[PDB]
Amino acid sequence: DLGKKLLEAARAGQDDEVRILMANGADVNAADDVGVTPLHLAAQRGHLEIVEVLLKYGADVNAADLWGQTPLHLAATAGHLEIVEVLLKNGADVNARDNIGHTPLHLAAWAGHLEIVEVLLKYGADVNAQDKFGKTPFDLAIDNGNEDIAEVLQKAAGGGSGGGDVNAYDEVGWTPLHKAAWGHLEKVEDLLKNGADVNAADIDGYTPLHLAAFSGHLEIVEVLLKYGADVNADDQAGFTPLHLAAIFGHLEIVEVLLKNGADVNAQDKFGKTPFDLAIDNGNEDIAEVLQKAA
């Protein structure tokens, strides 16, 4: 219970107890059954003084738990700036990878800690490191609302999916248009002004028009059709956009799709027409329109 007391002393932030346990020869590198060490616990929980004394006694700054996480990963995720600073000054690998491939810079960008992003960059963080799913720190900042961090990363030459080619696609086959289809009209418009291909299908077969129909954005549906979207795209998806609009009760979208040539006879993988799906989902107003469609 000596390493267990120290692990517990580090977890609980017991500065004096850590101090005492270590004069008795407590293993500064004690690890629990998932590879968590006192330094992991202190860094994760924001215990600066404990971090400093563990490092004093030879705590391994780059110890990895079962999930590949080092103390720097945990401190960068939690926003503990001073701890991040002391781990780096004491030899932490600024580009260590968790089991997904995230570096500390990924995690700080994902979590919104701008000052931590800056200090990781100062210490040699790879601005364009990719996790195993292809994401850069810029991708994680920008897809999750951290515009201030995204700008810092771009000033440090960080890029991301679609930063050079509007028709690039990510791990799941999403282009910039697929991401923008979820209600970002101005972005959709800008991408189309700049040559984005409206007909791109993701890894499940979905086009941007499928996604806009699913999410109920009429004006995005309209602009994608204006730019030549296939109104009846299915292929591997298993549904056309009209099927989706019928399931979810999007009457104005149904009307636009019909005006643009949507096929009332298209069957999904269960044999259902849009009319059948409107009936099955309690959207009799859409069923009424569909059976009268021009």
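All residue numbers refer to positions in the sequence shown, first residue = 1.
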Review point. If you average the CA temperature factors over each stretch, which comes out higher, 201-209 or 145-153?
Key: 145-153
Review point. Mean C-alpha B-factor higher for 5-13, or for 278-286?
Key: 5-13
Check your understanding: Out of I253, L66, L55, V231, which residue has the highest Cα temperature factor in the PDB record?
Key -> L55
**Study point:** C-alpha B-factor winner, where the candidates are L41, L258, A246, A266
**Key:** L41
Check your understanding: What third of its chain, lowest, middle or highest, does the C-alpha temperature factor of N194 fall into?
Key -> highest
Practice item. Among all modelled residues of this chain, ranked by Cα B factor, put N95 in the bottom, middle or top third, i.e. lowest, middle or highest. Key: middle
Review point. Can you tell me which third, lowest, middle or highest, the CA B-factor of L87 falls into for its chain?
Key: highest
Practice item. Could you say whether, by C-alpha temperature factor, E115 belongs to the lowest, middle or highest third of its chain? Key: highest
Exercise for review: Comparing against every modelled residue in the chain, figure out the third that the C-alpha B-factor of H217 lands in (lowest, middle or highest).
Suggested key: lowest
